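Only one chain comes next, encoded as structure tokens, the form solved without its partner chain.
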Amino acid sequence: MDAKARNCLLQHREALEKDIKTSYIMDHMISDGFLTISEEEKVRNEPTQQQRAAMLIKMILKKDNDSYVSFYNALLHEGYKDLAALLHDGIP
């Protein structure tokens, strides 16, 4: 993804990981088409909520612009408008 978007995720990494429950966000991104079911299972396998969110963010950091926007939209739609507001200015 564009550096602007990546740097924004890094800036806000700790809050994102602190706060996010992954299950609904991930099904949103899978329905959208920008997270695979194999990626989802890797996240789901982690044994705590912080560790699942850490895995998800780790994955997203390696994806493209279209995936950043899908993640952003999932935050907007699945109960994290606060976190979406932090990532808005980083949209590719």
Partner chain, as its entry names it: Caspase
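Residue numbers count along the first chain shown, from 1.
A second form of this protein, the form solved in complex with its partner chain, is not displayed here; the remarks below concern that form.
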Handout entry: Contact of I37 with its partner chain in the bound PDB entry (heavy atom, 4.5 Å)
Key = yes
Problem - Residue contact check: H28 to its partner chain in the bound PDB entry, 4.5 Å heavy atom - result: yes
Practice task
Give a yes/no on whether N65 approaches its partner chain to within 4.5 Å in the bound PDB entry, heavy atoms considered.
Solution key: no
Exercise for the section: Using the partner position in the bound PDB entry, report whether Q11 sits within 4.5 Å of its partner chain, counting heavy atoms only. Expected result: no
Exercise for the section: Let me know which residues along 39-61 have a heavy atom within 4.5 Å of its partner chain in the bound PDB entry, or say none if there are none. Expected result: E40, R44, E46, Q50, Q51, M55, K58
